[PDB]
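*Asks:* First, the structure itself, so that you have it in front of you.
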Amino acid sequence: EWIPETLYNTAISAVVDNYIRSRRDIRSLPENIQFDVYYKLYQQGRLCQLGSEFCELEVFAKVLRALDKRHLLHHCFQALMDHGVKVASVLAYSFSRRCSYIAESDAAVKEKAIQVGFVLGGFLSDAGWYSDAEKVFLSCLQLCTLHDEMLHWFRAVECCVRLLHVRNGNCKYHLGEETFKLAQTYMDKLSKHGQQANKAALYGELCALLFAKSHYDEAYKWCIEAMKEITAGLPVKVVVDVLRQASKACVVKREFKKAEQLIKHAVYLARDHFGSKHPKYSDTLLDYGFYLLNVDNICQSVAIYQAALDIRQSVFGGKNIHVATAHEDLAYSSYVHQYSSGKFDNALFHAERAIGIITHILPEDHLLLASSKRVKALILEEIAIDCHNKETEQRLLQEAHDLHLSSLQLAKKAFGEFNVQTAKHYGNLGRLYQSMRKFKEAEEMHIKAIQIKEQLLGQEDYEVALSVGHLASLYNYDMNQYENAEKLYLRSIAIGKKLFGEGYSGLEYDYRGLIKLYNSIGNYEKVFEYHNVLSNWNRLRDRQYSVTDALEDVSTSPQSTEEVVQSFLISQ
Amino acid sequence: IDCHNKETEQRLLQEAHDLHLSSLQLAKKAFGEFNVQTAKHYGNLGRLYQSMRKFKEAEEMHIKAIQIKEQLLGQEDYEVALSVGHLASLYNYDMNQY
Amino acid sequence: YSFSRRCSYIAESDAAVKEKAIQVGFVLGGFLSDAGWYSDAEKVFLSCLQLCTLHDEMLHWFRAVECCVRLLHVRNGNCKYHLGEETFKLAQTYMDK
Amino acid sequence: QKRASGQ
Amino acid sequence: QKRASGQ
Amino acid sequence: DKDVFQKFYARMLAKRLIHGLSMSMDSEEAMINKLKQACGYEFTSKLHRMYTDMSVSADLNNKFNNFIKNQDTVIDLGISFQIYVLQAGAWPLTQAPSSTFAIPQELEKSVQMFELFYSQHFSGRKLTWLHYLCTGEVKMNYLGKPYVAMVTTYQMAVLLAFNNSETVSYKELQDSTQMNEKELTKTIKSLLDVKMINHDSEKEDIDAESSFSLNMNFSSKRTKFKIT
Amino acid sequence: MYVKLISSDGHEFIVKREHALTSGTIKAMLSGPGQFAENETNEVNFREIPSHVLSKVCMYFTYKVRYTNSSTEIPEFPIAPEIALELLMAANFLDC
Amino acid sequence: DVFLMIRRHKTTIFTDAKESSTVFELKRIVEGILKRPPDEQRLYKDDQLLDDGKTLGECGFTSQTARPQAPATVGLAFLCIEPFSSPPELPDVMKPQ
Amino acid sequence: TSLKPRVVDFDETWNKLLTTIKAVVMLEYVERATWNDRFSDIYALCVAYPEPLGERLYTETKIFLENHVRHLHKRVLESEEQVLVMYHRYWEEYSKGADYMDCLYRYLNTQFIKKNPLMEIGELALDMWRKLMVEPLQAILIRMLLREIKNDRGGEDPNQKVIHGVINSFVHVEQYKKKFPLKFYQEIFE
Amino acid sequence: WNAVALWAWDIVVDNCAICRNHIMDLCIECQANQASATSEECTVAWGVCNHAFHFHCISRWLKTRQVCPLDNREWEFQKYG
Ligand SMILES: [Zn+2]
Ligand SMILES: [Zn+2]
Ligand SMILES: [Zn+2]
Ligand SMILES: [Zn+2]
């Protein structure tokens, strides 16, 4: 029944127990034994004796090369940062000091301080501590750009493409633009000497930067060059990153046919080369649930975010920015899923968790807090309208008002006034004011959002059409201007039928809006007409919607890497 | 009892019901059926049922608690007095068995 | 856990080392049981009791009784009542002998 | 309060 | 309901 | 210590009810009901489940026989199949027979039919077959007189393997049922005590080499009896 | 049937074949030229493992084979603190 | 079951003999490795000689003190048994330098 | 002594490993001293201070296996019409040497190959074989095997050990590929 | 051939996570009041997450929270025993 424990683990439990008398002699052990000892220091709960050994680069750089057991490390590190020890900040400071001490030293020694810099930067970027992986990459870039040889050119290019990711992920897009300009200059200098390096990762990261900035046309163009730059010798992680950014740009560009294949191949490749419980696979699922949510397949989306949050809780502890974004995405997909049913208790918990995390690891004035403050308030308004107590709904509306105004202020501070994300915030706040009996300014908020979306998204986008339907529903039930509501319903229904087939989820809400409007005016023939149309929509939805798990749908894709990129290039 | 809401009242009654039943399960598993603590949980659950307007279940729980305590503590005890007072309050105010 | 491991290691020694270990265990178990960590105090008192069963001297019997009386206090506070009767039976066995 | 104190 | 979902 | 009495009473009630011996079915109810009145329902909740399991079993076997009757194709089990369903949370006979058993193909048709029936009649109730609580009759027509004896499922597998061939190697017998040898030593000695199977091997002891052959000289005083 | 182990200090430790099969690298020791029939039984010499840690490894072998898939609460193997570090590298080298 | 090692100044013979395997079976096991018939070599223990017919159980050599994790030792002479090359000592840390 | 991670120059140690492997792969009598020295030295090779140089050891190890298989491929090509028997015996010797290598690269397989991607040392020899011996001669070696199977039924039964010592060769080289555990045996011969 | 079959619910875990009782035994609500009156309908209710509890427990659980107690996922029934 009881298998005897191995000699290795018993000696590990003996070295750890005799830890203080042999603390300095552990660092002379093999890196495998070193990681096993420092993991036993975490299993036993000796977090304070581990936060003084992982807090030094003489030890941490000697344990980051445990590539077989790295997820365990991601659990230890995320414990220490949750414990109280600022391991990320102290590791960044130690690396900055080491780089300053090495800058005048020999160039051969300088490169050994870059490979240690790359592994530590990649780890601290994977763990979600971009703000403390930014200093590591800045020191790496400076140390590489002190001299200008070909190897230093390549190292500077790699550090530039890595530093854009840790800058874009921290919502520092303005510095990301300058970082990309520096990368462009460095690659131009490299190409002027006849040496060309693959820039697919750089272009995909720029696509992420612009998609965050909501420059969808430019993001899609850079996606086109990124997919043109894809080769066969690239590492799989770079390919997955490029495909994931390609998918999440093509979805927002409303090209659901190509983005479907892109994201399915991305998920399949992440599952094969990495595993079912890898952080990169978790990110691929988190951006695959985005695609599934934006192609009217809301329900399956919840089955993907929950399959992407559960990977980032097993790997990234409990207080992380990578589990915070998974929480906020699952808090929003469940919010859309249970919009009709009113089952927002789960979607509220997954939104308070993201708020309680980002408010703890990020400052108040951070854009990532704005997105999570949004979703929590959208669940807050949906609970409030279903709430019966007038004081409860009043205070919930006030809390949602505070959350939307804070999110809008943050979005205006970072993005600007005429951006798509700010327009989405305006539309959400207009819906909130409609729920708050402030209709006169609610119509103004909807009009401002519609104008901002039209200035950028045009008349053929679904994002503007959804707020058009929101404003028309405001007009029908609470403004009585039935002509504007009718024309905006017509535009929204036309766009929805053009894009999302014939069984789009909001089409039912639009049809009920038309039915109530036509009942209000008095014409009772078109009431029966659109009642029949609503029944037609219901039967199409019933005979179209099939409950199929997405993970088994992507279980074995018969399409390889070359075929996907070839098909994407052929389509463009 | 004090709150004038109805949905909030029902939710709080259900929460108290879950807490009482989990506590009763823990006491019943670690102590057995024939102990004073299990009977106290029975009596508290009966009082809650009386608040939950489940007067048949309330009198059933109170009868079980009184029987358990009387079998153990005898026919006279302060806890038995509290239990019979609770059952009398149930009878003379809710079930009208005077 | 550290005290249990060191206790199991120095169980094979003379009476002086065993006395020192049992006294360290008494003060540590008294502290942990006083702080509240009853579940983490049995693991110390069980090791002390294991030390007290190796020899048959008078002081060893008396300190086994002390282990069995302190070990009963860290189980009533932990609500391990099904083991408290066994602990009392062990203590009264030691008292009878 | 219609009944005595809880047990 | 009377209004569509989020965006 | 009334708890240890319930545990002791459970083992004998399980043996009394399963083997079919009982003075009267109503007396079992009265004894269970008297304890329920004398020590509370929780004391006899397990015991009451054992009694009601037999009561449901009579009703269930009517339904199972009705189910096999109302079949699209003609299904015949080929044996007087009898089953009682027992709740796993009440009976004390849950001693796990983790030793793997290979039920013979003659009786494989019936067990598969009941699994199909119970899967659709009741949802979520998996069936665990306690093969060492089952007994059945075997038609011993190999000798001159068709002797009738009661053998268990464990004994049935050994006897059925001897129907086609008068001698069966002990190596094949232990691999036909693929279970532990130590149980088979006391399994087959019951047939040795009644001399149902002759000791074909010259070795006095019983091992894997001890191949056995049918006993044609076996005589039974009673036409119908039970092997124990 | 038996195998003899040589420490780095010249000691000799003789233990059964199945007892020494617990270590992964001992199986590699006895897979190639280490067999040499049964002239002096299977023979293995370590040029880096001292005598005390090899004695502890052999005692661990005895503890492992005796307590393999036991139905009783196994006692903990006593790796004393003064040898814990040396035994840890030995255990990892031997893949015990 | 009694676990022990046989050391003649350079070797170590781990064995798993029972209590009935007093002496002669142990010497047969030794014969199974390096011959050395009992007419020339006799086993020893802590500067004492064990009789061939004497049972090991009664002479303070039971299975309780002969666990595989820490087996008792017996000498051999064809005594000056060499030590096990004792490990380097480690600082006590709590000592005042 | 000194189980601690030491520092050692790769030149002499890799030369010693080269000599031992050259004495192993062709199945020669290898002394115990060299065998145990290689076991105790590959450990220090994989944990050499300060940077564990297991990657280098893997690199020159696969380079040596590559050039050895290339030399054996040239030895097969320089022989004509008798490649079947020499190929069978060379394959048996090389498989035994690959098993001896997998046993010999014990610590590097356990604590460097699994951490990385890279492939197992024991199947590195098999992969190098099947990609440099079998792959260029995918039809030369089966040129006479397929016709003798027809000759077996009609007029000339072949030698049993010659025809069976190669029919299992294709299965062994795909013992690591999970996706194609037996497909290559069907693909190239069946 | 008389045979004995121990039927049981095919849940791998033997503990209704809401009431801590064994999955085969009556729920804590059925063992509190309905113990002396009537106790035969206490079945199990599975879910999409395949975490099955006592039907009297999960239905009692859904009166306050609409999530599976083990894993905080949305609760939709899929099978009843
Ligand atoms: Zn701390
Ligand atoms: Zn329950
Ligand atoms: Zn129930
Ligand atoms: Zn669940």
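Here, each number is a calculation from the coordinates, and none is a lab measurement. Cβ: placed from backbone, ideal geometry, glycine included. Neighbour counts: every protein chain shown.
*Asks:* Considering only the range J:23-31, I want to know if a residue exists there that is surrounded by fewer than 17 Cβ atoms within 10 Å (Cβ to Cβ) and either more than 16 Å from ligand 1 (Cβ to nearest atom) or not β-branched (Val, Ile, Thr) (or both).
*Replies:* No, the range J:23-31 contains no residue that is surrounded by fewer than 17 Cβ atoms within 10 Å (Cβ to Cβ) and either more than 16 Å from ligand 1 (Cβ to nearest atom) or not β-branched (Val, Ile, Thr) (or both).
*Asks:* Also, quick follow-up: How many residues does the range G:13-65 contain that are in a loop (DSSP other than H, G, I, E, B) and of a type in the set (A, V, I, L, M)?
*Replies:* Of the residues in the range G:13-65, 4 are in a loop (DSSP other than H, G, I, E, B) and of a type in the set (A, V, I, L, M).
*Asks:* Separate question: Hand me the list of helices (runs of 4 or more DSSP H) wholly inside the range F:22-138 holding 1 or more residues that are within 12 Å of chain J (Cβ to nearest Cβ) and hydrophobic (A, V, I, L, M, F, W, C).
*Replies:* Fully inside the range F:22-138 and qualifying: F:41-69, F:105-121.
*Asks:* Also, quick follow-up: State whether one or more residues within the range A:24-39 are of a type in the set (S, T, N, Q), part of a helix (DSSP H, G or I), more than 42 Å from the chain's Cα centre (by Cα) and buried (at least 18 other Cβ atoms within 10 Å of the Cβ).
*Replies:* no
*Asks:* Go over the candidates J:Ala35, J:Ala17, J:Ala8, J:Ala3 one by one and state the one that is within 12 Å of ligand 2 (Cβ to nearest atom) and crowded, with 17+ Cβ neighbours inside 10 Å.
*Replies:* J:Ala17
*Asks:* Give the number of residues within the range H:24-76 that are among the aromatic types (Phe, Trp, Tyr) and surrounded by fewer than 18 Cβ atoms within 10 Å (Cβ to Cβ).
*Replies:* 1
*Asks:* Write out, first by first residue and then by second, each pair whose Cβ atoms fall under 6 Å of each other, whose residues are 6+ apart or on separate chains, and whose first residue, in the range A:324-353, is buried (at least 24 other Cβ atoms within 10 Å of the Cβ) while the second is of a type in the set (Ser, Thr, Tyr).
*Replies:* Within 6 Å, the pairs are A:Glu328/A:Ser372; A:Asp329/A:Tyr305; A:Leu330/A:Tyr305; A:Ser333/A:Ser301; A:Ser333/A:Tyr305; A:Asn346/A:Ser334; A:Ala347/A:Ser334; A:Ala347/A:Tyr335.
*Asks:* Does at least one position in the range J:18-34 carry a residue that is more than 10 Å from ligand 3 (Cβ to nearest atom) and in a strand (DSSP E or B)?
*Replies:* Within the range J:18-34, none of the residues are more than 10 Å from ligand 3 (Cβ to nearest atom) and in a strand (DSSP E or B).
*Asks:* Assuming A:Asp310 fulfils every condition listed in (1) crowded, with 19+ Cβ neighbours inside 10 Å; (2) within 21 Å of A:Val336 (Cβ to Cβ) apart from one, which condition is it?
*Replies:* The single condition A:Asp310 does not satisfy is (1).
*Asks:* List the pairs whose first member sits in the range F:169-198 and is more than 17 Å from F:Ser219 (Cβ to Cβ), whose second member is in a loop (DSSP other than H, G, I, E, B) and hydroxyl-bearing (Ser, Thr, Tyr), and whose Cβ atoms are under 6 Å apart, counting only residues at least 6 apart or on separate chains?
*Replies:* F:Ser169/F:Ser211; F:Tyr170/F:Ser210; F:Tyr170/F:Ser211; F:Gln178/F:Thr100; F:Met179/F:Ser99; F:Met179/F:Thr100; F:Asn180/F:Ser99
For every residue, the table says whether it meets (1) touching a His at 6+ places or on another chain (Cβ under 7 Å); (2) away from ligand 1 (no atom under 16 Å from the Cβ); (3) of a type in the set (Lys, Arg).
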| position | (1), (2), (3) |
| --- | --- |
| J:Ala5 | no, yes, no |
| J:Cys16 | yes, yes, no |
| J:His56 | no, yes, no |
| J:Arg60 | no, yes, yes |
| J:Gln78 | no, yes, no |
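*Asks:* Go through (1) of a type in the set (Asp, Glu); (2) more than 25 Å from G:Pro78 (Cβ to Cβ); (3) within 11 Å of chain G (Cβ to nearest Cβ) one by one and return the number of the condition H:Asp52 breaks.
*Replies:* For H:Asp52, the exception is condition (3).
*Asks:* Under the condition of being within 16 Å of A:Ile114 (Cα to Cα) and either of a type in the set (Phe, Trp, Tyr) or surrounded by fewer than 19 Cβ atoms within 10 Å (Cβ to Cβ) (or both), which residue from the range A:60-96 is farthest from ligand 3 (Cβ to nearest atom)?
*Replies:* Residue satisfying both the conditions and the ranking: A:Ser96.
*Asks:* Looking only at helices (runs of 4 or more DSSP H) that lie completely in the range I:1-99, which have at least 2 residues being away from chain G (no Cβ under 14 Å)?
*Replies:* Passing ranges, in order: I:10-25, I:54-77.
*Asks:* For the range J:35-54, name all the residues that are within 16 Å of ligand 4 (Cβ to nearest atom) and either within 16 Å of J:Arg20 (Cβ to Cβ) or assigned to a loop (DSSP other than H, G, I, E, B) (or both).
*Replies:* Selection gives J:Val44, J:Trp46, J:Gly47, J:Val48, J:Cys49, J:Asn50, J:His51, J:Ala52, J:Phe53, J:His54.
*Asks:* Next question, about the same structure. Filter the range J:38-57 down to residues that are away from ligand 2 (no atom under 16 Å from the Cβ) and closer than 28 Å to A:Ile311 by Cβ, then give me how many there are.
*Replies:* Adding up the residues that qualify gives 3.
*Asks:* If a residue has to be within 11 Å of chain G (Cβ to nearest Cβ) and outside any loop (DSSP other than H, G, I, E, B) to count, how many in the range H:62-90 make the cut?
*Replies:* Looking only at that region, the number is 3.
*Asks:* Cβ-Cβ under 9 Å, sequence separation 6+ or interchain: first residue in the range G:60-76 and at the interface with another protein chain (Cβ under 7 Å from one of its Cβ atoms), partner part of a loop (DSSP other than H, G, I, E, B) and among the aromatic types (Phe, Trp, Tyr). Which pairs?
*Replies:* If the second residue must be part of a loop (DSSP other than H, G, I, E, B) and among the aromatic types (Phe, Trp, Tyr), the pairs left are G:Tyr60/G:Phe77; G:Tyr63/G:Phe77; G:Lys64/G:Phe77; G:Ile74/G:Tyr67; G:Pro75/G:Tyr67.
*Asks:* If you don't mind, there's one more thing I want to ask. Answer yes or no: is there a residue in the range J:58-74 that is away from ligand 2 (no atom under 12 Å from the Cβ), buried (at least 18 other Cβ atoms within 10 Å of the Cβ), away from chain F (no Cβ under 11 Å) and not hydrophobic (A, V, I, L, M, F, W, C).
*Replies:* For the range J:58-74, residues away from ligand 2 (no atom under 12 Å from the Cβ), buried (at least 18 other Cβ atoms within 10 Å of the Cβ), away from chain F (no Cβ under 11 Å) and not hydrophobic (A, V, I, L, M, F, W, C): present.
*Asks:* Can you find even one residue in the range A:246-268 that is under 13 Å from A:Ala200 (Cα atoms) and either out of contact with any strand residue (DSSP E or B) (no Cβ under 9 Å at 6 or more places or on another chain) or crowded, with 16+ Cβ neighbours inside 10 Å (or both)?
*Replies:* yes
*Asks:* Can you tell me which residue within the range A:41-59, out of those that are within 11 Å of ligand 1 (Cβ to nearest atom) and assigned to a helix (DSSP H, G or I), is surrounded by the most Cβ atoms within 10 Å (Cβ to Cβ)?
*Replies:* Here the residue is A:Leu50.
*Asks:* Can we say J:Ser39 is within 11 Å of ligand 3 (Cβ to nearest atom) and farther than 28 Å from B:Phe34 by Cα?
*Replies:* No, not satisfied.
*Asks:* Right, another one. Consider only pairs whose beta carbons are under 8 Å apart and that are at least six residues apart or on different chains; among these, list those whose first residue lies in the range F:4-29 and is under 20 Å from J:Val4 (Cβ atoms) and whose second residue is aromatic (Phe, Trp, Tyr) and part of a helix (DSSP H, G or I).
*Replies:* Qualifying pairs under 8 Å: F:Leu17/F:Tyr51; F:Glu28/F:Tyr51.
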